[PDB]
Structures are given as C-alpha cells and as structure tokens.
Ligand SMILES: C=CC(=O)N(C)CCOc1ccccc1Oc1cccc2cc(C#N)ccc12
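Before any questions on how it binds or moves, here is one chain, the form solved without the named molecule, in structure tokens.
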C-alpha cells in the first residue's frame, strides 16, 4: 500500500451515511463479484465487517467490454450526494500543440491507481457494501473499503493531490525534465539522449514504487508513435487518432448527434469543418429514435466533411522563440474557421466558431467574438496572445469601433485579402437628407385581440395604412418602418417614435432570426442614403397628430 498520509474527508454537515438496499442480481454476476471481493480482501483493498455497520450501498457488475470479464461497480450516488464538496484541481485538458519538441519522450500509466491510495480511516465505514447474499436465504458477506473507491466523487481529487505530492520531490531534483500529469497518465520529456533518458525513467519508476505506486510494463510506451490523450505523438508532429464517421442510410436523431460530435472533435486539426446544416436537423425533433430524412443542404455539408476527412492532416509542436499567428476565414451563415501556426502552412492547431449569440448581429460583431475566443483558448495553451490576420479592412474596423456605442477592441492584427471580406452592408446618415421625402411612421396594435395597424404619412400628399393580424407593438413598428422603406425612393428620412426599432436598426445587422427584420435589412441595402430619427412618442410632433390618430 502507499505510505502516503490520508486526506481527512467527512460528510456534509447534518447528513448521514447511505442505507440503500441492494437490488437482486442474476446468478451469473454474483460469482464474479464474490471472486473479485475475495481477491480484493486478500490483497487488503477491502475488509470484512461485522453487524455493527448500519450503512450499505448497492453493487453491480459490468461487461468491461470484454464479455468474459465482469468489472465490479458500486452505485455511490447516495454517498456522493451526502459527501462534502471538493474543489477540482484539474482546470483543463492538455493539448499536444502546447508541447515543445523533445529529444526523448516517454508515456507511462500507473496500474491500479485508486486502489493504491489509502482511504481516510473514519470514512471507511460509509463505503460499506454487501454482496447479493447468494441466490438467497444466507446473508451476503459485507465489506468496507480501505482504499479509494471507484464511483466515489472524491476519488479523483484525492488521487491527483497524492500524485502531485509524490512527484514534487522528483521534479525538484530534476528541474530539466517536463512531466505532464493527467490523472494516472504521465508524459515525461527531456532533452537527454535515449540512454540517459531511459536511466532517468527507471529512477522515476523506482521513486513511484517507493510510495507503493506501480507502473506495469503493458501500459509503458517506449517507442513512437505515442498514444497520448487521444492523440498520436511523433517526434516532430502530432495527429488525432483515426476518426470513423457513420455511414447510415436512414439517419436518426441519435446518429446525427453522434455525427456532429465527432466532427467537432475533428475540427481541432481538420480545417474547414462545417456542422451548421447538420445541427439544424436537431431542431424541432425530440425523440432520440425518430428518423430524420437528410435535406439537400445537409447532404452537401456531409459530402464536403467526408471529402475533408479523407486526406491525412497533421499538426506541429510549439517553438517558444517564434511568434504565434492566427488567421481567420469566413464561411458564411455565421461560420468561421481559424488556423493558429508559427510558420506558414504548418498549423499548430485549427478550429471553428459558429455560435449564434443574439437575435440580430452582423459580421463585425461575430469577428470580434471569434477573436476573443481564439485569444482565450491561446492563453490557456501557450500563455501568450497570437497576432491576428483577419479578412476585415482597417478602415472598416476604424469606422465600426468609432461609431459604436460599446467599447470593443482587437489586439495586434493585420489585414489579409482573402474573400469573402467582412464589411457593413449599409450606413445610416448622421444628418437629414435634403430633398428626400420624410416618412412619419407609426404602428399600433391592440394587445387584447392581437390586431393592429401599421402606417405612415409623408411630407407630400401621400399616406398609407395596412392592417396586421396576430401582432404586437414592436412588430407593428417594424412593419411601419418596412412599409416606409418599401414605397420610397433611393434617399429617405424616416422619423419614428419607437426606441426598439431604432435600437435594432442602428446596430447595422445583416442577419436576424426574425423574418420581418431580414426584409428591412434587404430593403436598407437597396437604398442609397437613409436617415433614421427618433421623436418623442406623445408630445404633439408632426408624427404624433397625423401619424398616431391613424394607424
């Protein structure tokens, strides 16, 4: 056993140990369970208890993906509910792109990890369980855990802390050795030759064995490629382990959900992965077995993804002496791809951004969100912010961030001329246009019956009113603005009493969930010059007497 000090663990205040009774099990499962319990008892993992233990916990078996083998599991859900809270020290997942090129590299796994760290003496009684007392009659034998149980929510944090405590003196005495520790998986890198590295690896292995932790040779990797954390590590490059997409002929909701998940995983190194048209098939259908026919757009995206996922694609490692550069491309419909590299055509890692934040937004807003996401992700992996290459022009960004009411920023970046370019499709005039008609618009909807009218009056002798059904004040105001745009020339001044419509339009969107707003946008692009003015709602202005007592 590990001679490491135990971590004092208690239950939540005012709580008690579980008293659940074990559900019946088949005669096939019980034999494997009693054999496993006997082996663990003889090894010291568990101890037999007498009738003084009131607590209990159900125990079952799983196939362990081996058919013949039957792994024993314990349903610690009650204990986990009644167990004090822990703070997880695993703040993220290591990425191979952040690894530096190393002359010598090893991957080790600690066998029987949880069963090596002792459990706190006072907490062992709560972990008591009983084996399905045979077919029945004679009671089952009851055991209690002496080591970290599997299925208990406190096991990972305790084991991680114990591993860190074990490893810290070795790292202190070997400052030139990089050790990536993730649960029981160790990645050891050094610049020494193969002989010195192998000598130091055995020194580390004997150090772990001094504390009871064992490293079996079946999980010890000595030659490349290294299967590490789902990636294949080579001396100068890395790749994800092979990805197999489904080839169903009649897709379901679950099949599409699994398909989208694998494409997100593949997007970290495969460039140009799109999942927008495929994830749209998951809207409106909630049954996990319902068969969804593939649409025409979804079929196109699937074929493109299959074509992209055919050629071999690999990444490279990180050199601290060079500057990180991230380049962004736009794919349409709110989708962006990006590649982070250090030298051209050698990607450190790729990725995509397709989040739809807000009901109304433009390309410039989404570009800033993508830049912020890339910066946050890069700080985690490498610790520094990369230099950006965006398809937006400097003057466009200057105009946007100078005319915008919010504070927005982008770090050091330069313009790259790769279409499609990011631009604002229309601009609102800051002053009224001389000679253009003025449209005083107003839309009023009755809340009770959800009926209303939207209309406009103009400087000349024109005036229009249109009735709307199943509408509200906001929709009527938007429809009044739309009517004003519809029947005017190329230059128009529009005076409205609605702050909601002005707030929507003034942000310069080009896409919107609402269908009415999209028509307004497509009408605004046609116009040459447009001025939008706000007027007080009910203060006798010209758009208050002849526009309100009307629509």
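Numbering follows the first chain given and starts at 1.
What comes next is about the form deposited with the named molecule bound, which is not displayed.
Clash verdict for the named molecule in the bound PDB entry, overlaid onto the shown chain (3 or more atoms within 2.4 angstroms of backbone or C-beta): The site is blocked here, because the named molecule, transferred from its pose in the bound PDB entry, has 3 or more atoms within 2.4 Å of backbone or C-beta atoms.
Residue among 128, 233, 328, 281 with a heavy atom within 4.5 Å of the named molecule in the bound PDB entry: Contact check passes for 233.
Heavy atom within 4.5 Å of the named molecule in the bound PDB entry - the one residue of 410, 451, 141, 178 that qualifies: It is 178.
The named molecule in the bound PDB entry: contacting segment from 300 to 308, 286 to 294, 102 to 110, 119 to 127, heavy atom within 4.5 Å: Result for this chain: 102 to 110.
The named molecule contact at residue 353 in the bound PDB entry, heavy atom, 4.5 Å: Heavy-atom contact with the named molecule at 4.5 Å: absent for residue 353.
Residue contact check: residue 228 to the named molecule in the bound PDB entry, 4.5 Å heavy atom: Answer yes; at least one heavy atom of residue 228 falls within 4.5 Å of the named molecule in the bound PDB entry.
Interface membership of residue 188, the named molecule in the bound PDB entry, 4.5 Å heavy atom rule: Contact check for residue 188: yes, within 4.5 Å of the named molecule in the bound PDB entry.
The named molecule contact in the bound PDB entry: residue 251, any heavy atom under 4.5 Å: Residue-level check for residue 251: no, no contact with the named molecule.
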